[PDB]
Amino acid sequence: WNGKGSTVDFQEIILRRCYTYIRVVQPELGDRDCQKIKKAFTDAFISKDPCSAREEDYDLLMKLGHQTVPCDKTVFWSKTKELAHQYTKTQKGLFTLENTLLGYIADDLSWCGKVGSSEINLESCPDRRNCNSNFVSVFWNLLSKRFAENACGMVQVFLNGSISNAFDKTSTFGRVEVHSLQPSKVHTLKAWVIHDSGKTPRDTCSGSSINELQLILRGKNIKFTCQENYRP
């Protein structure tokens with residue numbers, strides 16, 4: 001396969017990350033059993049064809065690691081994920097997918113089982129282009145969809161103004177997350193198009209791509225606002 005091999009010591013790593021999260025990051029979940037969770041995670045993919053993954057495989061793990069973030073605190077970085085680093089002081093209240101319990105332990109990891117094997121596969125794993133039904137992609141796709149479904153109150157997405165078409169419909173935010181936001185929980189989506197100072201912007205709030213988004217939200221009966229901000 002073309003995708004990265006299973007991260008070495010994966011099982012240990014998700015267990016440690018889980019414990020840190022329910023001890024240091026969010027003591028409020030100190031109640032969870034990080035051990036049951038680790039095992040739920042492995043059972044999901046271990047010893048199965050790595051291209052046969054289905055969301056229903058993660059049912060248990062999703063139940064064990066449930067979490068609802070505070071209303072008004074859900075955030076999305078679209079094609080602006082590395083960029084989040086300059087805004088970090090401003091972001092201390094907000095929750096990205098990576099900030100959820102499940103997003104936090106799975107962050108930057110890779111995993112795939114194999115038929116006839118009780119062990120992860122260290123050599124390689126099928127990536128999204130090998131087969132979309134690989135276990136890592138099914139997981140992130142399913143996590144994002146759920147994150148957006150549980151989003152409440154006001155929601156915000158950070159977009160790139162240094163690129164043509166800051167709002168991208170092939171981005172996971174444009175293809176999946178916005179559509180999973182619920183009119184019954186989310187009253188408005190706030191979009192920020194970030195510009196590096198002193199340069200002509202390749203896309204604006206006035207632009208075609210941001211109008212595209214506004215039309216999506218208009219269809220779900222959700223208010224949309226757009227503001228342009230020079231990064232700090």
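We number each residue from 1, following the sequence as shown.
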Practice task
Name all residues meeting the salt bridge (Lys or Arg N to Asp or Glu O under 4.0 Å) criterion together with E56; count only those two or more places apart in sequence or in a different chain, and write none if there are none.
Solution key: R54
Exercise for the section: Look only at the side chain of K48 and the backbone of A44, and say whether a donor-acceptor pair between them is shorter than 3.5 Å. Expected result: yes
Practice task
Indicate whether the side chain of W77 and that of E98 have a donor and an acceptor atom separated by less than 3.5 Å.
Solution key: no
Problem - Enclosure of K185 NZ (heavy-atom neighbours >12, cutoff 6.0 Å) - result: yes
Problem - Polar contact flag, side-chain donor to acceptor under 3.5 angstrom, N2-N130 - result: yes
Practice task
Answer yes or no: is there a donor N or O on one side and an acceptor on the other, between the side chain of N165 and the main chain of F167, under 3.5 Å?
Solution key: no
Problem - Pairs meeting criterion disulfide (SG to SG under 2.5 Å) with involvement of residues 168-206, two or more places apart - result: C205-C226
Exercise for the section: Indicate, with yes or no, if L83 and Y230 share a hydrophobic cluster defined by side-chain heavy-atom contacts under 4.5 Å among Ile, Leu, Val, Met, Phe, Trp and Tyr. Expected result: no
Exercise for the section: Taking atom types as modelled, find out whether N211 and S208 have a side-chain donor-acceptor pair closer than 3.5 angstrom. Expected result: no
Handout entry: Flag if over 12 foreign heavy atoms under 6.0 Å of CD, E123
Key = no
Practice task
Could you tell me whether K190 atom NZ has more than 12 heavy atoms of other residues or ligands within 6.0 Å of it?
Solution key: yes
Handout entry: N/O donor-acceptor pair under 3.5 Å between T88 side chain and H85 backbone
Key = yes
Handout entry: Under the ring-ring contact (aromatic ring centres under 6.0 Å, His included) test, residues paired with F41 that sit two or more places apart
Key = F10, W111, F139
Exercise for the section: Decide, yes or no, whether a salt bridge links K145 with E55 under the criterion of side-chain N to carboxylate O below 4.0 Å. Expected result: yes
Fill in the blank from the handout: By side-chain hydrogen bond (donor to acceptor under 3.5 Å, both in side chains), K223 pairs with (sequence neighbours left out) none
Problem - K169/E212 salt bridge by N-O under 4.0 Å criterion - result: yes
Practice task
Answer yes or no: is there an ion pair linking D168 with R175, defined by an N-O contact shorter than 4.0 Å?
Solution key: no
Problem - Transitive ILVMFWY side-chain link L213 to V176, under 4.5 Å - result: no
Exercise for the section: Taking atom NE2 of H66 as the centre, report whether more than 12 heavy atoms of other residues, nucleotides or ligands fall under 6.0 Å from it. Expected result: no
Practice task
Following the transitive rule for hydrophobic clusters with a side-chain heavy-atom cut-off under 4.5 Å over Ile, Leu, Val, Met, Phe, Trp and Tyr, establish whether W1 and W140 coincide in one cluster.
Solution key: no
Exercise for the section: Would you check, one step at a time, whether the test salt bridge (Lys or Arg N to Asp or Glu O under 4.0 Å) holds for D49 with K114? Expected result: CA-CA 5 Å; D49 181 305; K114 181 192 311 172; over 6 Å; no
Exercise for the section: Find out whether the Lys NZ or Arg CZ of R16 is both under 6.0 angstrom from the six-membered ring centre of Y19 and within 45° of the ring's axis. Expected result: no
Exercise for the section: Would you kindly confirm whether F135 and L97 end up in one hydrophobic cluster when ILVMFWY residues are joined by side chain heavy atoms under 4.5 Å apart? Expected result: yes
Exercise answer: donor-acceptor pairs, residues 192-202 side-chain atoms, under 3.5 Å, sequence neighbours excluded:
| unit_1 | atom_1 | unit_2 | atom_2 | d |
| --- | --- | --- | --- | --- |
| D196 | OD2 | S162 | OG | 2.9 |
| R202 | NE | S164 | OG | 3.3 |

Exercise for the section: Give a yes or no on whether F95 and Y87 share a hydrophobic cluster (residues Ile, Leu, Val, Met, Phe, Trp, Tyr; joining criterion: side-chain heavy atoms under 4.5 Å apart). Expected result: no
Completion exercise
Sorted by chain and number, sequence neighbours left out, ring-ring contact (aromatic ring centres under 6.0 Å, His included) with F76 holds for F147, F173
